[PDB]
Amino acid sequence: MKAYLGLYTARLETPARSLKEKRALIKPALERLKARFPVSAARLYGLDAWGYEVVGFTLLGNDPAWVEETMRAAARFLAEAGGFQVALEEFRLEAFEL
């Protein structure tokens, strides 16, 4: 029996000019993402910058098709948040034996 993990990562571009303005664009969208989808989200790199950031989210399930479909729906949702653009993205699916 395997545990399946989806890992989504993306480069966001924002029009911000301060770290506080940038957080106000990104954090509320990630909080909405967490409320709507069963994911763990994180701000990963570029945290010293105002205009770009690498973020991601992951999720776990026992059905790889459900994990992937949910991950792609959550990614579409993130691109619809506005405030920032999803400039580049990557999807991954890993399986772990239990």
# chains A, B, ... in the order shown; residues from 1 in each chain; ligands from 1
>>> residues_around(residues="residue 62 in chain A", least_positions_apart="4", cutoff="7 Å", atoms="only C-alpha atoms", output="compact mmCIF listing (two decimals) with C-alpha atoms, in the first residue's frame")
# COMPACT_ATOMS: atom_id res chain seq x y z
CA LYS A 2 1.52 3.38 -0.85
CA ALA A 3 1.18 6.96 0.40
CA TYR A 4 1.13 9.43 -2.58
>>> residues_around(residues="residue 59 in chain A", least_positions_apart="2", cutoff="10 Å", atoms="only C-alpha atoms", output="ChimeraX atom specification")
/A:4-8,37-41,57,61,67-68,70-71,93
>>> write_last_selection(atoms="N, CA and C atoms", output="mmCIF file, in the first residue's frame")
data_model
loop_
_atom_site.group_PDB
_atom_site.id
_atom_site.type_symbol
_atom_site.label_atom_id
_atom_site.label_comp_id
_atom_site.auth_asym_id
_atom_site.auth_seq_id
_atom_site.Cartn_x
_atom_site.Cartn_y
_atom_site.Cartn_z
ATOM 1 N N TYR A 4 0.725 8.605 -1.427
ATOM 2 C CA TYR A 4 1.128 9.429 -2.582
ATOM 3 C C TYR A 4 1.197 10.905 -2.172
ATOM 4 N N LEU A 5 2.288 11.586 -2.540
ATOM 5 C CA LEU A 5 2.452 13.013 -2.211
ATOM 6 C C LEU A 5 2.504 13.821 -3.486
ATOM 7 N N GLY A 6 1.705 14.878 -3.529
ATOM 8 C CA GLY A 6 1.825 15.778 -4.667
ATOM 9 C C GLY A 6 2.682 16.964 -4.165
ATOM 10 N N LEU A 7 3.587 17.450 -4.990
ATOM 11 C CA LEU A 7 4.389 18.634 -4.588
ATOM 12 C C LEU A 7 4.308 19.609 -5.757
ATOM 13 N N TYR A 8 3.745 20.769 -5.493
ATOM 14 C CA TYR A 8 3.635 21.831 -6.463
ATOM 15 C C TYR A 8 4.566 22.974 -6.054
ATOM 16 N N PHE A 37 -8.417 23.841 -0.069
ATOM 17 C CA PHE A 37 -7.809 22.564 -0.521
ATOM 18 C C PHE A 37 -7.020 21.976 0.644
ATOM 19 N N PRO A 38 -6.907 20.636 0.700
ATOM 20 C CA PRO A 38 -6.219 19.926 1.782
ATOM 21 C C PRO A 38 -4.736 19.920 1.646
ATOM 22 N N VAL A 39 -4.161 21.118 1.635
ATOM 23 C CA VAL A 39 -2.718 21.236 1.414
ATOM 24 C C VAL A 39 -1.929 21.940 2.537
ATOM 25 N N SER A 40 -0.612 21.661 2.567
ATOM 26 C CA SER A 40 0.358 22.342 3.442
ATOM 27 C C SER A 40 1.052 23.300 2.460
ATOM 28 N N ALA A 41 0.978 24.612 2.736
ATOM 29 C CA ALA A 41 1.588 25.582 1.818
ATOM 30 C C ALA A 41 2.785 26.258 2.464
ATOM 31 N N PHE A 57 3.219 23.964 -2.383
ATOM 32 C CA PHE A 57 2.323 23.293 -1.456
ATOM 33 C C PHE A 57 2.434 21.791 -1.700
ATOM 34 N N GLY A 61 -2.390 11.548 -0.104
ATOM 35 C CA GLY A 61 -3.601 10.755 -0.296
ATOM 36 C C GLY A 61 -3.274 9.323 -0.649
ATOM 37 N N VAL A 67 -4.865 12.757 -5.745
ATOM 38 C CA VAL A 67 -3.806 13.700 -5.327
ATOM 39 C C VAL A 67 -3.423 14.667 -6.499
ATOM 40 N N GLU A 68 -3.213 14.109 -7.688
ATOM 41 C CA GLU A 68 -2.808 14.954 -8.805
ATOM 42 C C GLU A 68 -3.942 15.918 -9.220
ATOM 43 N N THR A 70 -6.398 17.098 -7.473
ATOM 44 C CA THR A 70 -6.560 18.124 -6.435
ATOM 45 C C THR A 70 -5.406 19.140 -6.517
ATOM 46 N N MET A 71 -4.190 18.641 -6.704
ATOM 47 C CA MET A 71 -3.044 19.544 -6.848
ATOM 48 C C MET A 71 -3.221 20.456 -8.077
ATOM 49 N N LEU A 93 4.774 14.162 -8.372
ATOM 50 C CA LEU A 93 3.969 13.198 -7.646
ATOM 51 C C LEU A 93 4.981 12.141 -7.204
#
>>> closest_residue(among="A:48, A:97, A:31, A:53", to="residue 15 in chain A", atoms="only C-alpha atoms")
A:53
>>> closest_residue(among="A:77, A:16, A:96, A:72", to="residue 35 in chain A", atoms="only C-alpha atoms")
A:77
>>> select_by_dssp(residues="chain A", states="strand (DSSP E or B)", output="ChimeraX atom specification")
/A:2-13,40-45,52-61,85-97
>>> residues_around(residues="residue 27 in chain A", least_positions_apart="4", cutoff="10 Å", atoms="only C-alpha atoms", output="list in words")
residues 22, 23, 31, 32, 33, 41, 42 and 43 of chain A
>>> residues_around(residues="residue 49 in chain A", least_positions_apart="2", cutoff="10 Å", atoms="only C-alpha atoms", output="VMD selection string")
chain A and resid 14 16 to 19 22 45 to 47 51 to 53
>>> write_last_selection(atoms="C-alpha atoms", output="compact mmCIF listing (two decimals), in the first residue's frame")
# COMPACT_ATOMS: atom_id res chain seq x y z
CA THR A 14 4.46 40.65 -7.51
CA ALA A 16 5.35 45.08 -4.43
CA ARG A 17 8.02 47.48 -3.21
CA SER A 18 8.37 46.39 0.45
CA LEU A 19 8.45 43.08 2.24
CA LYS A 22 4.59 41.65 -0.64
CA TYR A 45 12.78 31.26 -1.35
CA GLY A 46 13.24 34.82 -2.56
CA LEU A 47 12.03 35.94 0.88
CA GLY A 51 8.96 41.26 -6.66
CA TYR A 52 9.33 37.50 -6.90
CA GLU A 53 9.12 34.49 -4.63
>>> atom_distance(atom1="CA of residue 20 in chain A", atom2="CA of residue 83 in chain A")
13.8 Å
>>> select_by_dssp(residues="chain A", states="helix (DSSP H, G or I)", output="ChimeraX atom specification")
/A:19-36,64-80
>>> closest_residue(among="A:34, A:94, A:86, A:44", to="residue 60 in chain A", atoms="only C-alpha atoms")
A:94
>>> closest_residue(among="A:50, A:79, A:89, A:36", to="residue 21 in chain A", atoms="only C-alpha atoms")
A:50
